[PDB]
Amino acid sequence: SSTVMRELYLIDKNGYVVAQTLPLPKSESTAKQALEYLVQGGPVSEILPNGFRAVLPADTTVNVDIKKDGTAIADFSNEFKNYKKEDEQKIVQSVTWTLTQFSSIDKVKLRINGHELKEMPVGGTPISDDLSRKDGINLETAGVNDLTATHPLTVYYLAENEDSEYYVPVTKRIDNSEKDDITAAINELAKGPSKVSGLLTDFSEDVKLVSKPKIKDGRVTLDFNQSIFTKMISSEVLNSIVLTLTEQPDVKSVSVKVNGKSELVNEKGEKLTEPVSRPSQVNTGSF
């Protein structure tokens, strides 16, 4: 009533940048307000869920200028510099993903006291002129990654703490020989996250698509084998699918079938015959 539910990209106890959807006071400058609620020791302290921490250094202030081309310019005070090197990429991703939740913002530029950032101050992490969700989040960097032979794709895995389950986006490397990123996403969901990553998958490893996905007017149709599930598909599996696929360009909804038929039911026993769209609140927080 006096608040609006807003995505804040906080840092969880294992180091992941993660959306927590939290009640923020009505405001005339919502993009600016969202960033203000990333500031350590600021108003977010009162609504900070357990197992998460704020992102920007204490006493950081910010202006946000939203251009007509969809670019938001976030101009920070000098306290912005007062972070640990280890958090450098987290901060860029947090700000980027927090700003781009708004339909008027799809690109981000960073400034400190009006000075344009081509790199982050503490550790020199490069920032591109075009900064968006496509620059990834929680990048998988374990092992040898051939960036010439792979492309980034964001996939949501499951985490949990005392209070709740929540969905954590991770940018994986997909082989460039895969031209179907819908299928790639599903295969990655079935494979599950890295071992000892603080993440889990509710997918069986045997899950496969049995038909090529179709897409029509932003609606993806998936046809699974029996491993996907009375024929119940779990909420964790369904949410993961939908969050993951609706990160992809032009995907607005997902319909699910098993071996040709719309026979899947959810945990409430409801038949899933219609397209499921992205949750209105991603990772509602508990405080």
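We number the residues from 1 along the sequence you see.
*Asks:* Counting only residues of the deposited sequence, how many between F52 and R53 have no atoms in the entry (none, 1 to 3, 4 to 9, 10 or more)?
*Replies:* Missing in between: none.
*Asks:* Between 156-164 and 182-190, which has the higher average C-alpha B-factor in the PDB entry?
*Replies:* It is 156-164.
*Asks:* Taking the recorded C-alpha temperature factors, which stretch has the higher mean, 204-212 or 109-117?
*Replies:* The entry gives the higher C-alpha B-factor average to 204-212.
*Asks:* Going by the deposited entry, which of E140, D130, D87, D146 has the highest CA temperature factor?
*Replies:* Max CA B-factor in the entry, restricted to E140, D130, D87, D146: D130.
*Asks:* Taking the values straight from the PDB record, which of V258, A31, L245, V237 has the highest C-alpha temperature factor?
*Replies:* Across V258, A31, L245, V237, the entry lists the biggest C-alpha B-factor for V258.
*Asks:* Per the entry's values, where does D217 land by CA temperature factor relative to the rest of its chain, in the lowest, middle or highest third?
*Replies:* Highest third.
*Asks:* Lowest, middle or highest third: where is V276 by Cα B-factor in its chain?
*Replies:* Middle third.
*Asks:* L48: which third of its chain by C-alpha temperature factor?
*Replies:* Lowest third.
*Asks:* Check where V4 lands among this chain's C-alpha B-factors and tell me if it's the lowest, middle or highest third.
*Replies:* Ranked within chain, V4 CA B lands in the highest tercile.
*Asks:* Would you check the entry's CA temperature factor for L10 and let me know if it's in the chain's lowest, middle or highest third?
*Replies:* Lowest third - that is where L10 ends up once the chain's C-alpha B-factors are sorted.
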